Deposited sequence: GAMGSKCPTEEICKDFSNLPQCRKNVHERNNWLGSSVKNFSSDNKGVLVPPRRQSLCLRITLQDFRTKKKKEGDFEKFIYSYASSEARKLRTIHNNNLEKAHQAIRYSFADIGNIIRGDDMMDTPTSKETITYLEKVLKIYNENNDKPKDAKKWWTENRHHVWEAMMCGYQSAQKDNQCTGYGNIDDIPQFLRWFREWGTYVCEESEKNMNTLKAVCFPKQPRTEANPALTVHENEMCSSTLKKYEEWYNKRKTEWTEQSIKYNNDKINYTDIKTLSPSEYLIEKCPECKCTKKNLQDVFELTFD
């Protein structure tokens, strides 16, 4: 159930631009949604928001709220896809605030330093958080509330949801799943279009369609290859996915995905 009005009144797939993209984060691709995430804290924002207690936090909540409003605007006729994008952005905001977001950008680098300086000036003696990880733990509920408020303002939706444990899932795994939610859907649809055209002049239709299908396949196959590198490199440290292939991970462990052996494994894993 959505936050009250009281609470609410107070508020493509890019291979480059990743920290350590040739090393630890080799193979990581940035979701378009992440590339576009609405959140930026400049020196000037810090300078002015720090003058009133709660204002720096409020500025962050406003960004989270606006990100969610934007996402619902984009996914206006699909509540599920809207809510999942919101969860993903929520989680990324979490990594940004905690200073371990993978994007190589100023906001990803500077947000934590700005936040923690504001926490130092106000929370030196009152037992409130002095570091960003503790802050996230105590305030993520507020962040989500702002997103739910923001989500509601798009089209007066009265249907909110929780975020489960999305912020506790390693960022690269979330981004891979998100890629999964787009591609397995494309894969299902493109298979059906192919079958309907080629196996229901209709010959020029089939060749044309088969051409476009191969192109879609090449693009995703390249992306599939890169992310598999990162997944296979990193799965060792997670006891509960270490024996899974990247196919099996998306098929079995991604409830938002709708990936199957037919639309994923047989298509990209040869």
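Residues of the deposited sequence lacking C-alpha coordinates, counted from 1, fall in the stretches 1 to 5, 17 to 30, 220 to 232, 303 to 305.
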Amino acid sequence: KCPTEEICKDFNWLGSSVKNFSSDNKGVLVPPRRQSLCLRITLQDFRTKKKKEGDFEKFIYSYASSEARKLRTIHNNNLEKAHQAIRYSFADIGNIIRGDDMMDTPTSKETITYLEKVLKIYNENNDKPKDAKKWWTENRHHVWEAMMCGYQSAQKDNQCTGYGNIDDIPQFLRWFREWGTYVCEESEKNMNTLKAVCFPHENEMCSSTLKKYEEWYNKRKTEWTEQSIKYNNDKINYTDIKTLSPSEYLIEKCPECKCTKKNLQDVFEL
From here on, numbers count along this sequence of modelled residues.
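Higher average CA B factor: 203 to 211, of the stretches 203 to 211 and 224 to 232. The stretch 151 to 159 shows the higher mean C-alpha B-factor when 151 to 159 is compared against 88 to 96 in the entry. Across the residues 37, 30, 60, 241, the deposited record lists the maximum Cα B factor for 241. Looking only at 110, 80, 178, 185, the residue with the top Cα B factor in the deposited structure is 80.
Among all modelled residues in this chain, the alpha-carbon of residue 245 has a temperature factor (C-alpha) in the highest third.
Per-chain ranking of the deposited C-alpha B factor places residue 170 in the lowest third. Among the modelled residues of its chain, residue 103 has a C-alpha B-factor that falls in the middle third according to the deposited record. Among all modelled residues in this chain, the alpha-carbon of residue 145 has a temperature factor (C-alpha) in the lowest third. Sort the modelled residues of the chain by CA B factor and residue 190 lands in the middle third.
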